[PDB]
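Student: pasting an experimental structure with its sequence.
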Amino acid sequence: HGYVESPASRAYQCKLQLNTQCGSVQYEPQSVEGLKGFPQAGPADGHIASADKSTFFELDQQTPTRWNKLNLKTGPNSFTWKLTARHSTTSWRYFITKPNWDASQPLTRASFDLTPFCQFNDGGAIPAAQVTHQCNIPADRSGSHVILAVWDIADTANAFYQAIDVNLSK
């Protein structure tokens, strides 16, 4: 259980009241939990941002202006998770939408480049309460994009999914 605090994820921005019409997740941003194994298995297409959890359905809405986007530069960026439960961890992966994705369609595997721009494999270790990853956001992305941070749990069937809405510039 945890969420990306910086750059603030869609779920966390819902808690901060920066996003609108978020429903349940604004009261529990740390619990966007679904099945692991993405992209071969995992949440179904169109249900990735909610991790296919019924009460988190609002997160699966997607339009060009639907979500509040953080202005970031491409290149070196830090991603920090705040964990409320430090579960034994298989991996942390950060994916970004394709260069020419469509923000007016639901998030599906076709929306994302399925080669993460960075990945950290922890071998089942128990993480600290705050975990920070430093990676380069691909420089060939500009404007509105979604970064999907995925945390796969080693000792359960689950993973946590954190969509992050961003507006990139050089």
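Tutor: Cool, the structure landed. Numbering: from 1, shown residues only.

Student: just the helices from this structure, written as ranges.
Tutor: Assigned by DSSP state H, the chain shows helices spanning 10-16.

Student: where do the strands sit along it?
Tutor: Secondary structure of the chain (DSSP state E): strands located at 2-6, 33-35, 70-73, 75-83, 89-96, 118-121, 130-137, 143-153, 158-169.

Student: which elements pack onto the shortest one?
Tutor: Same thing as strand 33-35. If contacts are counted by 3 or more C-beta pairs under 8 Å, 6 or more residues apart in numbering; DSSP states H and E, strand 33-35 sits against strand 158-169. Any C-beta I mention is one placed from the backbone N, CA and C, and that applies to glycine too.

Student: please repeat the previous calculation with a cut-off of 10 Å.
Tutor: With contacts defined as 3 or more C-beta pairs under 10 Å, 6 or more residues apart in numbering; DSSP states H and E, strand 33-35 has these neighbours: strand 143-153, strand 158-169.

Student: rewinding a little: export the strands of the chain as JSON lines, with columns for distance to residue 53 and mean neighbour count.
Tutor: What follows is those, written out as JSON lines (distance: least, C-beta to C-beta, whole Å; neighbours: other C-beta atoms under 10 Å):
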{"stretch": "strand 2-6", "distance to residue 53": "14", "mean neighbour count": "22"}
{"stretch": "strand 33-35", "distance to residue 53": "6", "mean neighbour count": "19"}
{"stretch": "strand 70-73", "distance to residue 53": "24", "mean neighbour count": "13"}
{"stretch": "strand 75-83", "distance to residue 53": "18", "mean neighbour count": "16"}
{"stretch": "strand 89-96", "distance to residue 53": "19", "mean neighbour count": "21"}
{"stretch": "strand 118-121", "distance to residue 53": "24", "mean neighbour count": "14"}
{"stretch": "strand 130-137", "distance to residue 53": "22", "mean neighbour count": "15"}
{"stretch": "strand 143-153", "distance to residue 53": "15", "mean neighbour count": "21"}
{"stretch": "strand 158-169", "distance to residue 53": "9", "mean neighbour count": "22"}
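
Student: distance to residue 46 added to the ones you listed, as TSV?
Tutor: Below are the strands of the chain laid out as TSV (distance: least, C-beta to C-beta, whole Å):
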stretch	distance to residue 46
strand 2-6	21
strand 33-35	13
strand 70-73	24
strand 75-83	24
strand 89-96	16
strand 118-121	24
strand 130-137	25
strand 143-153	13
strand 158-169	13
